[PDB]
Structure formats: C-alpha cells, structure tokens
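*Asks:* The structure's right below; bear with me while I get my questions together.
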Amino acid sequence: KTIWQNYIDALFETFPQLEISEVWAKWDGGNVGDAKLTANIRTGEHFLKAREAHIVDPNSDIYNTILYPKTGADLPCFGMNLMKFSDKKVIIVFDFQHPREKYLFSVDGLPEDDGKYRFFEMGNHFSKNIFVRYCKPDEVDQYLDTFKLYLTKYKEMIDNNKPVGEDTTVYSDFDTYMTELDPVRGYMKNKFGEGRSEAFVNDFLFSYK
Ligand SMILES: C=CC1=C(C)/C(=C/c2[nH]c(/C=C3N=C(/C=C4\NC(=O)C(C)=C4C=C)C(C)=C\3CCC(=O)O)c(CCC(=O)O)c2C)NC1=O
C-alpha cells in the first residue's frame, strides 16, 4: 500500500490511454530487501512516454513521474515528485515543466508561487505555477483537488493541440537539467548500488539527454 494512491489513480483517470509498455526495472535493495523500486514506461495517444518510478521502503515512499507529450505543439511536460521521507515528513511537488530553456511558462487561474526552492532554478523548466507543499503523510490528500485541476488544464492542452511529433531532442535540454540538479544518484547508490543508480538516472529517468 501507498499514501500516493489517490494521486496515482487521478493521474490515470485523466489519461487512461497511458498503458505500461515496458517494466524497466523491479529491483530489491536496502537492508536485508526492505527497499523496492518499480520503474515503468507507459505510452499512449498524444504522448512520447510517461516514465513512472516508485520507490518504497519502511520509512520512505517516493513517486516520481513525468509525462512527455508528443512534440510539435510547444507543450510542457507534466512532472510530479511525491516524496514521503519519514513518517513525519512529506514534500509534494508537481508542475508544468516546459522543455525550452529559460522560458517562463504559466497557466492563468492556477496557484502561483515565486519562491525559490533547493537544487533548481525557478523559471527554467519550472513554471510560475510550480506547486510545492510540505505536510505529514496523513495530510497529503488535501492537495488532491488542486492536483486534479492541474491534470484538467494539462488534458485540455493535450486535447486541444493533438501533438503528433516524435522529436525526443526537444527534451534534451530538459533531461540534462533535471540530471545535474536532481539529488537522486546518492540515494539510489546507497540503496541499490552504483551501476543501478547510474542506469536508473541516465537510462530511465532522464534518458533524452
Ligand atoms: C527517484 C528518487 C528520488 C530521490 C531520492 C529524490 C530526492 C530529493 N528531491 C528533492 C527535492 C526536489 N525535487 C523537486 C522536483 C522534481 N524532481 C523531479 O525529479 C521531478 C520530476 C520534479 C518535479 C516535477 C523539487 C522542486 C525539489 C526541491 C524541494 C524543496 O525545495 O524542498 C530533495 C530535497 C528535499 C529537501 O529539501 O529536504 C530530495 C532529497 N528525488 C527523486 O526523484
């Protein structure tokens, strides 16, 4: 079981076409294992891919998923990182992540946040509407309706533009940026080893570099 289940359900209710097209990894690790990784690639109409990583151990529950739309409509990706770190500490992040470097994207009517957060440069693959909240595991679903508004706006963008391009190099700047700045490598090395951490980051999470 996972505390992120209602986010995950909402995601695939909005985009029921996103079917698993490859289980990229199911790995065991952590203490003898207590940490499990599931890494799925999904495909479906209007998307290049959605890649979904879910890492669960006794204290942590991390759901990191990015939807990469087909190209040709200048659409942002939709990214979420739902991170339970301990039984006291959760960070919820989701946003429209635009592939063009240093382009400030926004959707009018959505919550706005111009604060600066760790690791990342705001305005550069994160939008005016980046949604970041810190709360306790049992509070996570209080932002679910907002997550669902983001999904609703995203689905309108997809359905109104109907992108059909498949130029994965549109996402190369984005994947490069997400690679240098995301704090993953360290956590996965410790839990799973070096080769697995490297491949997870470079060949699964951000593979369009
Ligand atoms: C898979 C394993 C995995 C690990 C181990 C991980 C760790 C991780 N991500 C973080 C932050 C963050 N991560 C993001 C955002 C994202 N990052 C993304 O990969 C995507 C897709 C988004 C958003 C759509 C942001 C904005 C922060 C900073 C949060 C903050 O400022 O505290 C932090 C810092 C938390 C803190 O400030 O205390 C850690 C430790 N992220 C992972 O994905």
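In the structure tokens, the first chain shown is A, the next is B, and so on; residue numbers restart at 1 for each chain, and ligands run from 1 in the order shown.
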Would you mind listing what lies within 6 Å of segment 180-194 of chain A as a ChimeraX atom specification, with only C-alpha atoms counted and same-chain residues fewer than 3 positions away left out?

*Replies:* /A:29-30,119,177,197

*Asks:* Let's see if you can do this: from backbone DSSP, list all strand (DSSP E or B) residues in segment 110-183 of chain A, as a list in words.

*Replies:*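 Selecting the strand (DSSP E or B) positions of segment 110-183 of chain A gives residues 131, 132, 133, 134, 135 and 165 of chain A.
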
*Asks:* Could the residues in this selection be written to a file with N, CA and C atoms, as a compact mmCIF listing (two decimals), in the first residue's frame?

*Replies:*
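Contents of the output file out.txt:
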```txt
# COMPACT_ATOMS: atom_id res chain seq x y z
N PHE A 131 3.96 23.86 -7.91
CA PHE A 131 3.21 23.61 -6.69
C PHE A 131 4.07 22.79 -5.75
N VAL A 132 4.49 23.40 -4.65
CA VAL A 132 5.30 22.70 -3.64
C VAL A 132 4.63 22.83 -2.29
N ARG A 133 4.38 21.71 -1.63
CA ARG A 133 3.85 21.75 -0.26
C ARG A 133 4.56 20.74 0.62
N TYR A 134 4.78 21.13 1.87
CA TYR A 134 5.30 20.23 2.90
C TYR A 134 4.20 19.92 3.88
N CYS A 135 4.02 18.64 4.20
CA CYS A 135 2.98 18.24 5.12
C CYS A 135 3.31 16.88 5.71
N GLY A 165 4.23 14.97 -33.18
CA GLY A 165 5.65 14.86 -33.42
C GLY A 165 6.36 13.88 -32.48
```

*Asks:* Neighbours of ligand 1 within 6 Å, counting only C-alpha atoms and all ligand atoms, as a PyMOL selection string?

*Replies:* chain A and resi 64-66+79-81+93-95+117-118+182-184+187

*Asks:* Go ahead and save the residues from that selection, with N, CA, C and O atoms, as a PDB file, in the first residue's frame.

*Replies:*
```
ATOM      1  N   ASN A  64       7.819   9.395  -8.595  1.00  0.00           N
ATOM      2  CA  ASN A  64       8.417  10.409  -9.469  1.00  0.00           C
ATOM      3  C   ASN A  64       7.989  10.037 -10.860  1.00  0.00           C
ATOM      4  O   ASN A  64       8.351   8.958 -11.367  1.00  0.00           O
ATOM      5  N   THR A  65       7.205  10.895 -11.490  1.00  0.00           N
ATOM      6  CA  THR A  65       6.604  10.564 -12.789  1.00  0.00           C
ATOM      7  C   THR A  65       6.600  11.806 -13.679  1.00  0.00           C
ATOM      8  O   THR A  65       6.305  12.904 -13.208  1.00  0.00           O
ATOM      9  N   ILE A  66       6.998  11.641 -14.943  1.00  0.00           N
ATOM     10  CA  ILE A  66       6.986  12.749 -15.889  1.00  0.00           C
ATOM     11  C   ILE A  66       6.259  12.306 -17.140  1.00  0.00           C
ATOM     12  O   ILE A  66       6.550  11.265 -17.694  1.00  0.00           O
ATOM     13  N   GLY A  79       5.153  17.084 -14.693  1.00  0.00           N
ATOM     14  CA  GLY A  79       6.008  16.333 -13.783  1.00  0.00           C
ATOM     15  C   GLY A  79       5.522  16.393 -12.355  1.00  0.00           C
ATOM     16  O   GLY A  79       4.978  17.399 -11.923  1.00  0.00           O
ATOM     17  N   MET A  80       5.697  15.303 -11.624  1.00  0.00           N
ATOM     18  CA  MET A  80       5.351  15.262 -10.218  1.00  0.00           C
ATOM     19  C   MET A  80       6.421  14.487  -9.452  1.00  0.00           C
ATOM     20  O   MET A  80       6.994  13.522  -9.943  1.00  0.00           O
ATOM     21  N   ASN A  81       6.717  14.948  -8.259  1.00  0.00           N
ATOM     22  CA  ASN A  81       7.614  14.228  -7.394  1.00  0.00           C
ATOM     23  C   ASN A  81       6.951  14.244  -6.028  1.00  0.00           C
ATOM     24  O   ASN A  81       6.905  15.277  -5.375  1.00  0.00           O
ATOM     25  N   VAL A  93       5.554  17.858  -4.893  1.00  0.00           N
ATOM     26  CA  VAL A  93       5.879  18.796  -5.971  1.00  0.00           C
ATOM     27  C   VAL A  93       5.238  18.327  -7.264  1.00  0.00           C
ATOM     28  O   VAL A  93       5.343  17.158  -7.620  1.00  0.00           O
ATOM     29  N   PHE A  94       4.536  19.227  -7.950  1.00  0.00           N
ATOM     30  CA  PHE A  94       4.121  18.975  -9.322  1.00  0.00           C
ATOM     31  C   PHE A  94       4.114  20.271 -10.116  1.00  0.00           C
ATOM     32  O   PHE A  94       3.981  21.360  -9.552  1.00  0.00           O
ATOM     33  N   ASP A  95       4.269  20.162 -11.427  1.00  0.00           N
ATOM     34  CA  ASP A  95       4.385  21.369 -12.242  1.00  0.00           C
ATOM     35  C   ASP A  95       4.336  21.071 -13.728  1.00  0.00           C
ATOM     36  O   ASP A  95       4.521  19.917 -14.142  1.00  0.00           O
ATOM     37  N   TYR A 117      13.285  27.395  -4.576  1.00  0.00           N
ATOM     38  CA  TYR A 117      13.434  26.140  -3.865  1.00  0.00           C
ATOM     39  C   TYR A 117      14.803  25.545  -4.149  1.00  0.00           C
ATOM     40  O   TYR A 117      15.485  25.961  -5.097  1.00  0.00           O
ATOM     41  N   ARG A 118      15.202  24.597  -3.306  1.00  0.00           N
ATOM     42  CA  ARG A 118      16.502  23.942  -3.406  1.00  0.00           C
ATOM     43  C   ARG A 118      16.784  23.380  -4.810  1.00  0.00           C
ATOM     44  O   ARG A 118      15.873  23.248  -5.638  1.00  0.00           O
ATOM     45  N   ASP A 182      18.924  17.068  -9.910  1.00  0.00           N
ATOM     46  CA  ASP A 182      18.175  16.187  -9.024  1.00  0.00           C
ATOM     47  C   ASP A 182      19.167  15.377  -8.173  1.00  0.00           C
ATOM     48  O   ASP A 182      20.149  14.850  -8.697  1.00  0.00           O
ATOM     49  N   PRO A 183      18.924  15.326  -6.856  1.00  0.00           N
ATOM     50  CA  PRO A 183      19.682  14.624  -5.804  1.00  0.00           C
ATOM     51  C   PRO A 183      19.508  13.086  -5.723  1.00  0.00           C
ATOM     52  O   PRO A 183      19.755  12.482  -4.668  1.00  0.00           O
ATOM     53  N   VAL A 184      19.110  12.472  -6.837  1.00  0.00           N
ATOM     54  CA  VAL A 184      18.809  11.037  -6.900  1.00  0.00           C
ATOM     55  C   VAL A 184      20.008  10.123  -6.668  1.00  0.00           C
ATOM     56  O   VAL A 184      19.999   9.321  -5.752  1.00  0.00           O
ATOM     57  N   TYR A 187      21.006   8.676  -3.324  1.00  0.00           N
ATOM     58  CA  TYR A 187      20.034   7.830  -2.637  1.00  0.00           C
ATOM     59  C   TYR A 187      19.960   6.426  -3.246  1.00  0.00           C
ATOM     60  O   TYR A 187      19.840   5.436  -2.512  1.00  0.00           O
TER      61      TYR A 187
END
```

*Asks:* Show me, as a list in words, the residues that have an atom within 12 Å of residue 145 of chain A when counting only C-alpha atoms, minus same-chain residues fewer than 3 positions from it.

*Replies:*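 After dropping sequence-adjacent residues, the list is residues 6, 7, 10, 11, 140, 141, 142, 148, 149, 150, 151 and 152 of chain A.
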
*Asks:* Could you pull the residues within 10 Å of residue 54 of chain A, counting only C-alpha atoms, minus those fewer than 6 positions along the same chain, as a list in words?

*Replies:* residues 2, 4, 26, 36, 37, 38, 39, 40, 61, 62, 63, 64, 65, 81, 82 and 83 of chain A

*Asks:* Write out as a PyMOL selection string each polymer residue whose atoms come within 10 Å of residue 202 of chain A, counting only C-alpha atoms; drop sequence neighbours fewer than 5 positions from it.

*Replies:* chain A and resi 175-176+179+185+196-197+207-209

*Asks:* Please produce a file of the residues just selected, as a PDB file, in the first residue's frame, where the atoms kept are C-alpha atoms.

*Replies:*
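Saved file selection_2.pdb follows:
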```
ATOM      1  CA  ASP A 175      16.607  15.987 -19.263  1.00  0.00           C
ATOM      2  CA  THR A 176      20.116  17.403 -18.982  1.00  0.00           C
ATOM      3  CA  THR A 179      20.023  15.213 -14.360  1.00  0.00           C
ATOM      4  CA  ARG A 185      22.174   9.373  -7.638  1.00  0.00           C
ATOM      5  CA  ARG A 196      21.914   0.588 -10.919  1.00  0.00           C
ATOM      6  CA  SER A 197      21.829   4.208  -9.728  1.00  0.00           C
ATOM      7  CA  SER A 207      17.146   9.453 -20.922  1.00  0.00           C
ATOM      8  CA  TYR A 208      16.603  12.079 -23.646  1.00  0.00           C
ATOM      9  CA  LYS A 209      19.867  13.953 -22.799  1.00  0.00           C
TER      10      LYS A 209
END
```

*Asks:* Can you list, as a list in words, every protein, DNA or RNA residue that comes within 8 Å of residue 96 of chain A when you count only C-alpha atoms, leaving out same-chain residues fewer than 2 positions away?

*Replies:*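 Here the answer would be residues 76, 77, 78, 79, 94, 98, 105, 125, 126, 127, 129 and 130 of chain A.
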
*Asks:* Next, the residues of the selection above should be written as a PDB file, in the first residue's frame with N, CA, C and O atoms.

*Replies:*
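selection.pdb, written as the output of this step:
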```
ATOM      1  N   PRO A  76       4.411  21.847 -22.481  1.00  0.00           N
ATOM      2  CA  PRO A  76       5.263  21.460 -21.360  1.00  0.00           C
ATOM      3  C   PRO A  76       5.114  19.976 -21.065  1.00  0.00           C
ATOM      4  O   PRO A  76       4.096  19.396 -21.461  1.00  0.00           O
ATOM      5  N   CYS A  77       6.103  19.352 -20.423  1.00  0.00           N
ATOM      6  CA  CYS A  77       5.839  18.077 -19.752  1.00  0.00           C
ATOM      7  C   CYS A  77       4.982  18.331 -18.489  1.00  0.00           C
ATOM      8  O   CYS A  77       4.914  19.446 -17.981  1.00  0.00           O
ATOM      9  N   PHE A  78       4.353  17.301 -17.963  1.00  0.00           N
ATOM     10  CA  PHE A  78       3.771  17.401 -16.647  1.00  0.00           C
ATOM     11  C   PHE A  78       4.544  16.488 -15.707  1.00  0.00           C
ATOM     12  O   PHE A  78       4.609  15.270 -15.911  1.00  0.00           O
ATOM     13  N   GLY A  79       5.153  17.084 -14.693  1.00  0.00           N
ATOM     14  CA  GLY A  79       6.008  16.333 -13.783  1.00  0.00           C
ATOM     15  C   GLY A  79       5.522  16.393 -12.355  1.00  0.00           C
ATOM     16  O   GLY A  79       4.978  17.399 -11.923  1.00  0.00           O
ATOM     17  N   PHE A  94       4.536  19.227  -7.950  1.00  0.00           N
ATOM     18  CA  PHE A  94       4.121  18.975  -9.322  1.00  0.00           C
ATOM     19  C   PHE A  94       4.114  20.271 -10.116  1.00  0.00           C
ATOM     20  O   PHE A  94       3.981  21.360  -9.552  1.00  0.00           O
ATOM     21  N   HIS A  98       8.373  23.075 -18.826  1.00  0.00           N
ATOM     22  CA  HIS A  98       8.446  23.363 -20.251  1.00  0.00           C
ATOM     23  C   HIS A  98       9.819  22.973 -20.811  1.00  0.00           C
ATOM     24  O   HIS A  98      10.819  23.238 -20.186  1.00  0.00           O
ATOM     25  N   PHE A 105       6.951  29.632 -18.255  1.00  0.00           N
ATOM     26  CA  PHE A 105       5.603  29.233 -18.661  1.00  0.00           C
ATOM     27  C   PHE A 105       4.614  29.516 -17.514  1.00  0.00           C
ATOM     28  O   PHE A 105       5.001  29.550 -16.354  1.00  0.00           O
ATOM     29  N   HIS A 125      12.517  25.399 -16.847  1.00  0.00           N
ATOM     30  CA  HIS A 125      11.843  24.102 -16.724  1.00  0.00           C
ATOM     31  C   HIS A 125      10.940  23.940 -15.489  1.00  0.00           C
ATOM     32  O   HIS A 125      10.441  22.848 -15.212  1.00  0.00           O
ATOM     33  N   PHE A 126      10.726  25.016 -14.747  1.00  0.00           N
ATOM     34  CA  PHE A 126       9.640  25.058 -13.776  1.00  0.00           C
ATOM     35  C   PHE A 126       8.874  26.338 -14.049  1.00  0.00           C
ATOM     36  O   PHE A 126       9.465  27.325 -14.447  1.00  0.00           O
ATOM     37  N   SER A 127       7.566  26.319 -13.824  1.00  0.00           N
ATOM     38  CA  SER A 127       6.691  27.389 -14.252  1.00  0.00           C
ATOM     39  C   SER A 127       6.315  28.319 -13.113  1.00  0.00           C
ATOM     40  O   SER A 127       6.671  28.053 -11.977  1.00  0.00           O
ATOM     41  N   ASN A 129       3.596  28.455 -11.902  1.00  0.00           N
ATOM     42  CA  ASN A 129       2.614  27.689 -11.134  1.00  0.00           C
ATOM     43  C   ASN A 129       3.173  26.468 -10.420  1.00  0.00           C
ATOM     44  O   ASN A 129       2.416  25.604  -9.997  1.00  0.00           O
ATOM     45  N   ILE A 130       4.493  26.377 -10.284  1.00  0.00           N
ATOM     46  CA  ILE A 130       5.064  25.237  -9.580  1.00  0.00           C
ATOM     47  C   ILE A 130       4.344  25.084  -8.233  1.00  0.00           C
ATOM     48  O   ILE A 130       4.111  26.054  -7.520  1.00  0.00           O
TER      49      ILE A 130
END
```

*Asks:* Can you list, as a PyMOL selection string, every protein, DNA or RNA residue that comes within 7 Å of residue 103 of chain A when you count only C-alpha atoms, leaving out same-chain residues fewer than 3 positions away?

*Replies:* chain A and resi 100+123-124

*Asks:* For the residues in the current selection, export N, CA and C atoms as an mmCIF file, in the first residue's frame.

*Replies:*
```cif
data_model
loop_
_atom_site.group_PDB
_atom_site.id
_atom_site.type_symbol
_atom_site.label_atom_id
_atom_site.label_comp_id
_atom_site.auth_asym_id
_atom_site.auth_seq_id
_atom_site.Cartn_x
_atom_site.Cartn_y
_atom_site.Cartn_z
ATOM 1 N N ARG A 100 11.651 24.222 -23.188
ATOM 2 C CA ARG A 100 12.562 25.255 -23.673
ATOM 3 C C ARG A 100 13.295 25.929 -22.553
ATOM 4 N N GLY A 123 11.824 29.165 -13.069
ATOM 5 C CA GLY A 123 11.625 29.801 -14.367
ATOM 6 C C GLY A 123 12.236 29.063 -15.549
ATOM 7 N N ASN A 124 13.069 28.096 -15.203
ATOM 8 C CA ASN A 124 13.867 27.285 -16.121
ATOM 9 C C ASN A 124 13.424 25.833 -15.973
#
```

*Asks:* Counting only C-alpha atoms, figure out which residue out of A:56, A:3, A:48, A:92 gets nearest to residue 27 of chain A.

*Replies:* A:56

*Asks:* State, in Å with one decimal place, the distance from atom CA of residue 164 of chain A to atom CA of residue 70 of chain A.

*Replies:* 5.5 Å

*Asks:* Could you check the closest approach to residue 104 of chain A for each of A:163, A:122, A:44, A:90 and tell me which residue wins, using only C-alpha atoms?

*Replies:*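 Going through A:163, A:122, A:44, A:90 one by one, the smallest distance to residue 104 of chain A is for A:122.
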
*Asks:* Taking only C-alpha atoms into account, name the residue in A:1, A:120, A:178, A:84 that is nearest to residue 139 of chain A.

*Replies:*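 Smallest distance to residue 139 of chain A is found for A:84.
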
*Asks:* Which of these, A:101, A:57, A:68, A:50, has the shortest distance to residue 33 of chain A once you count only C-alpha atoms?

*Replies:*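 Smallest separation from residue 33 of chain A among the options: A:57.
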
*Asks:* Determine the nearest neighbour of residue 170 of chain A from the options A:49, A:157, A:15, A:71, counting only C-alpha atoms.

*Replies:* A:71

*Asks:* Just how far from atom CA of residue 111 of chain A is atom CA of residue 143 of chain A, in Å to one decimal?

*Replies:*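 Distance between the two atoms: 11.7 Å.
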
*Asks:* Measuring atom to atom with only C-alpha atoms, identify which of A:86, A:128, A:199, A:99 is nearest to residue 116 of chain A.

*Replies:*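 Of the candidates, the smallest distance to residue 116 of chain A is held by A:128.
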